[PDB]
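Protein chains in written order, with the entry's author numbering: chain Q, 2 to 118; chain E, 52 to 200; chain 4, 1 to 44.
Note that the Cβ used here is the ideal one computed from N, Cα and C, for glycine as well.
Since the structure comes first, as structure tokens, the remarks are kept for the end.
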Amino acid sequence: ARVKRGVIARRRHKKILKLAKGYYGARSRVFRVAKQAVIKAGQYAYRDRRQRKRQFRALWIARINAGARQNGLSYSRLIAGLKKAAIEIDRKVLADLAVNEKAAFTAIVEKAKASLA
Amino acid sequence: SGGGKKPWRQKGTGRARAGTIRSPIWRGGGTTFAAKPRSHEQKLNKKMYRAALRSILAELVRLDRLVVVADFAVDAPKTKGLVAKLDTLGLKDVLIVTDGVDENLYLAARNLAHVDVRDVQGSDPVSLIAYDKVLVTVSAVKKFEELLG
Amino acid sequence: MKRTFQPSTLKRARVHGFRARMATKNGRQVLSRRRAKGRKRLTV
RNA sequence: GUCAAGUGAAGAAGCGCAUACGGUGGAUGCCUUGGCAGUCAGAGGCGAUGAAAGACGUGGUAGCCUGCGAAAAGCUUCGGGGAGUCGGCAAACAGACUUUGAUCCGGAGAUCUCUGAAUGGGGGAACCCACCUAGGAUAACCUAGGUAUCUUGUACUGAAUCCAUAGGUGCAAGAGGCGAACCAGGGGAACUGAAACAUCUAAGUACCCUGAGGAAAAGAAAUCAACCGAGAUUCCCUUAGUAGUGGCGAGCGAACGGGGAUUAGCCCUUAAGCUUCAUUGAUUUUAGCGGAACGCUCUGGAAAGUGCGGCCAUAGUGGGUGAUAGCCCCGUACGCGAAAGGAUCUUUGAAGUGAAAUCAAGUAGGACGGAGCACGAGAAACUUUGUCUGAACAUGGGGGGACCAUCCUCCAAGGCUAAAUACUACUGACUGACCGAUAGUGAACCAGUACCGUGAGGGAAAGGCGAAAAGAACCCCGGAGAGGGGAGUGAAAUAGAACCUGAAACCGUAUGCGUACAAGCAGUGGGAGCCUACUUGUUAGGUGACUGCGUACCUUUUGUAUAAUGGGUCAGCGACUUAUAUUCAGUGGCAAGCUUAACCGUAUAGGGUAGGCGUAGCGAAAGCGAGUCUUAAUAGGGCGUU
RNA sequence: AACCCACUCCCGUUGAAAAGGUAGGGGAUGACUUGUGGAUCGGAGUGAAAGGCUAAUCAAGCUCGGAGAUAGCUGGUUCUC
RNA sequence: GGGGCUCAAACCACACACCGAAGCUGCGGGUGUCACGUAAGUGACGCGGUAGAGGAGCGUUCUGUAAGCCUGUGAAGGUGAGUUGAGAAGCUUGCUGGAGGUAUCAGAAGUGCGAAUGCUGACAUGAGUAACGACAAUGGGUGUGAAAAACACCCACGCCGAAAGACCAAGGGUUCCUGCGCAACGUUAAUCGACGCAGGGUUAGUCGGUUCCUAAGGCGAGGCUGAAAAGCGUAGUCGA
RNA sequence: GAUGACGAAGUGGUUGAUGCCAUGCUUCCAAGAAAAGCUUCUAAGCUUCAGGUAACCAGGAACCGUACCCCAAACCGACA
RNA sequence: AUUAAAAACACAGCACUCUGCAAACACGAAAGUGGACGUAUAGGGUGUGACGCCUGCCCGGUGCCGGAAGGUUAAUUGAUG
RNA sequence: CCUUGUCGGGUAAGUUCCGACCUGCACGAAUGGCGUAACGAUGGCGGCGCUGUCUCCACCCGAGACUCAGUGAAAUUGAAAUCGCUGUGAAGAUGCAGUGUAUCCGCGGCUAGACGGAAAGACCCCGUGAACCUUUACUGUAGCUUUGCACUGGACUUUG
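Below, the structure is given as structure tokens:
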């Protein structure tokens, strides 16, 4: 029972070469370079699901720092209130309030100048 | 056919190592594990064929796929005469199992598209699990108990 | 700079011709191998 | 308005990405006039009556195939067939032939050039030159036969040499050559395995050579067996990987006894049997003939498909007909059929042969040196023999594994014998969990071709329009081009002949977005703007400015971004199989039993339990057995044991 | 000089050429050069001898068989969890 | 590490904060094992991984199920889009295709490719780059032509002239000549050709061969020799 | 620009071969093809016609190669 | 042949040694052939290498040539145990 | 060998050369010794002439290069969006890190790098690989030779 493998091999090359769509040069059009390029793009995609949670955590902190020094307080003095007080509010929405609702972020940094610890 | 000598010298030619034109990698060459005529016959125990038939007949009774008649004989060697007698039983796609296949019963129903006429010795596990009904005569269930009981 | 093939129809027929092949036993089975392969010429 | 400063949207030579079409290329799918492998049969040869294999010729066009041979795609006769034909690539056209029966298909005959064993002599195969006899022909030939060698037989002839031997000559009869394997012999390797190698293995294999046959060889006991018997040979299954054998290494490997397949023994006081004819009936083979039963409807280019209703069946899963047909066609089941041959079987004669003469003498035996028997000369029997020797005679002789005795069983040195068995180049029929154009034969097609070699030898690539050529009249640009734009044809021409499908690399055009102050595996996380569709926006597709992190992949290694290996890319192909023994696990059948092998079989059934393993072990072994060994010691331990 | 050779330079090295060309160079009545036919061949020829030559191949030609030699070595071994 | 830092952005102590991993926690996700659950069902501890062992699968071709089911109201195939699953992969659909396909569940395997300086074909890159074959040498006019550096003729100019001239043997095989042609071939173009297609063309007593004769050498009746094949050779009879 | 008809001088002296005499002569050692055709002699044979030799007359000489290329684009070198 | 043309090889001359002819020798399982239709002033093999002057010493080892005839020694023979 | 020995000559200067000496690592008499006219595409030295060999190149003439027209290759190639430096690193980096430069793209040239291309390193090691040569390696064996017995006889003697 002989079986020819031209129908399965072309559908398997066409999956890996659809995932390579948009890549420069032979990375999107020949299989030996596109197989490696789709493997690499999914190693990076694994890695950077972790760094996305790190790159936003740095960006929140940097805007909270910048919006606290407007009110006469550093980042680390603002966060230090809350092993003593307890806002339980996180860096994600404090950065969103430092930008947008700037008067409700001034109300949080005066509760942290009330802690004094 | 062919491929005695080496296609080129072992070194110096910048070409991959070859030893014949008829290597299995080459498109002229042989199949790597090329077939020969072998047999696919296998061994059932004699007790194990009989116990498997005895397990099939039990389920033909249990699923109402077995229909016993007192005797089954046609007189003329004619397919139309045997279609007309199976239709009295409400019956198509049948296995007819007799004690000995007579000659007119074999000449009828050997053109007929969905029936077979077997004897008891010639009944087999596949052909009485394939047809939607099995007709055995009363002489056939005697011969099935000589063989299996 | 002469080459290895210097043609001569007389030397070709006395070395490789039909009478020459069928004169000797080892060449008389050249002609039967070359006929079992089914060749068009069998004496070249 | 001016002047300062700040800010920066358009402007792409070219590039990237996505999409849309297009080209190149020939993948895939679907297909098949070709392969492959079996089963059952056929017949197992052809050739001096000139083979296998060819060269050249042969046609109205005429190249190459296939037929034929100067009587040349054919001539004469029977037989069949019944309407078309003058073979194919190769469709057309000429000129024709046929119901007063052509073409076509079988049987028989006639012709059958040249080469090739090649055979009158030569020779570089397909050429050259002859001789003899008979007949015919006007300083030229022609027609029909002969003319090879060797063997055997026979007649005539006759050297040295008297006789007659050699030799010579003529007549008959036969042989030679070719063929894929099978068979009996002659000669015989090596790589390799032994983890080196020499004995040994490989292996009496490969190869060369010589014979024979449709089979061959073998074969009718100087054979085995243990005091019971069995009776030719060959073949299969077991005994059994046992006994033996072996640098006791690697390895090699029986027999007795069983189970089967087949079934015959005749003679040297002359036989079965077999060949050749002649006949007696019979059966086959070489070609053929008859051969059942469907309509309407729907979609469609076309119906076999749909829907409904029937019919036939010793014929229902065949081939192909405009899509899938038991009832359209050709078949199939099933019946019939042969002027003339072939072949097998069978009657009953005939000539032969078997056939060597009369039961076996340079034989058996022996000594040297080898070879074989599974057995490496070994305690080496038995068989064969190159050298040298050498018997007995039924009140003999050989074997029974050194040898001797006693028993048992046989008659060597003369032969002939069918079936069971081996093989398949060639035929035919059926078959396939075989292949489907990179596959399957090297070869689906003008293939052992083209091509490469001085040569032996090596050795390709190349299938698909459509149902039907309906193969595109005419018009237009162009060079009475190539190639196109129409029009026709068709269901479809983006089916237009390089023609089904038409992939990927690779190369283009169009459009959207990005890109000319920005450094590196080219992505990924974040992300603005812009552009398309849509609907609401917290979407969908494209592009991705800017920015964080980021040194391919394989292999090999302690470790490779590695300046270590491999890969230009695409598409196809490409590497744990199969057989037989065995062990373990799972899963089953039976169970103190279980299971068969060859083979038989109206055949996956059933029979066949020879054998294999299990139920008991211990010991080297005789043996003893739920028990030996050891020693003078049943005294003391190892192995086994419901 | 022809002819036969092949000492030197350069070019050429993907060449015009798998060993040439151009300019010079050696022998050139002889142990000369050459046509045609023939003879010898693979542990075997042939060799004014270099392991040279035996059809661009020679410390053992070519081809086909043993044969899929052997390879403790190299490289490669294809879907997923 | 750089900018840069001097009561420090250095060093020494101490205090308090903060940032920082795939660690830990929060939250959502299979069964891996195990214990319980009359087996619904939650718990608990795990879950990096090469060689390697174990366990479970997907997809391809074939056979049975299949004279079934689907399909010309459109199969396989090809190209897109959408969707589902832990994955291999599935399902649905637009276009192209124009005749086949194979739910399920079992059976069998030529069953899955990116690498083997793999093998075959196609195609890139190098790159419109190097070259276009002796450095005898070309220049005008005219013709024909769809178009002339290259063809024909004319006028010149150069080159060979012990050949770049005339012949013969060999070897090749129609390449010779004429009419018509230019696709391919010709290292460019070609109207020209050693190219295509069709016709034609090779005349012998004296020229070459055959015939006659022999050399080297080959074969060789018989014969001598050798396991066989065969070797050697006499008479002879081939061989310029 | 082809073809049918006509068509003139055509002698002498020089110099000469690597051609011919010549397969001659001279000389030297290394000492220089076979066989046939041919010329001649007889044998075995013949009627001593046939056979031979001249002369005259009449007729014949088969078959095969021949084109083209050869200091080459046609041969040997994969190639104009 | 295709990176070495030389001092390498060949050579005339020289010497040594074998060879009495069916020669030594060589090719041949063998017949046969070559040597040679030659015959020791000849043929084979070895070494040196025109010529001139010359070619010393060593016979232990190993080879070859000759030698007594003693010891050891093979198949064969087959006494005795 | 020490070594460019030492001395003489030739040069301004001479590891070479010539002639000597003898301290011959390690000449030697047919694997010939020492000379030697002629010869040599032979090896080494020195001189004359001659010169682009050179100081040191200048100009010129033809054939390529360059340009245009036509035809149209090759080795190579994982992919490329393909800088310097100084570090790091399988230990010599276009690609890592840090940092300097740097608009985009050809053409002509030159070859420093890409451990550039070409040939599964030739040296070296390895392999219980191969081949071919050698012998006083092992085991054989053709050939030659010795004797026994055959083919192979009688007849006397020396002789036991």
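Boundaries (first-last residue) of the alpha helix (DSSP H) holding residue i
i	result
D170 (chain E)	Where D170 (chain E) is concerned, there is no enclosing alpha helix (DSSP H), although the beta strand (DSSP E) it sits in stretches over 167-170.
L108 (chain E)	97-113
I17 (chain Q)	7-17
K93 (chain Q)	92-100
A104 (chain Q)	103-107
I80 (chain Q)	76-80
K11 (chain 4)	9-16
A36 (chain 4)	30-36
Residue i - partner residues in DSSP beta bridges
i	result
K184 (chain E)	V145 (chain E)
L117 (chain E)	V185 (chain E)
Residue i versus residue j: straight-line alpha-carbon distance, rounded
i	j	result
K194 (chain E)	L179 (chain E)	16 angstroms
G80 (chain E)	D175 (chain E)	44 angstroms
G17 (chain 4)	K11 (chain 4)	9 angstroms
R19 (chain 4)	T4 (chain 4)	25 angstroms
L117 (chain E)	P88 (chain E)	40 angstroms
residue 49 (chain 4)	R39 (chain 4)	As shown, chain 4 starts at 1 and ends at 44. That puts residue 49 (chain 4) outside it, with no answer to give.
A135 (chain E)	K143 (chain E)	11 angstroms
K41 (chain Q)	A87 (chain Q)	44 angstroms
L133 (chain E)	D126 (chain E)	9 angstroms
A38 (chain Q)	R11 (chain Q)	18 angstroms
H165 (chain E)	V145 (chain E)	7 angstroms
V110 (chain Q)	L79 (chain Q)	7 angstroms
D122 (chain E)	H91 (chain E)	39 angstroms
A102 (chain E)	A160 (chain E)	30 angstroms
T64 (chain E)	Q93 (chain E)	53 angstroms
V34 (chain Q)	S106 (chain E)	60 angstroms
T24 (chain 4)	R78 (chain E)	40 angstroms
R70 (chain Q)	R58 (chain Q)	19 angstroms
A181 (chain E)	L158 (chain E)	22 angstroms
N- and C-terminal bounds of the beta strand (DSSP E) containing residue i
i	result
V31 (chain Q)	It is not in any beta strand (DSSP E) - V31 (chain Q) carries neither H nor E in the DSSP assignment.
Cβ distance (whole Å) where residue i is taken to contact residue j below 8 angstroms
i	j	result
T130 (chain E)	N162 (chain E)	5 angstroms
residue 1 (chain Q)	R64 (chain Q)	Because residue 1 (chain Q) is not part of the residues shown, which for chain Q are 2 to 118, the question remains open.
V171 (chain E)	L198 (chain E)	7 angstroms
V185 (chain E)	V148 (chain E)	6 angstroms
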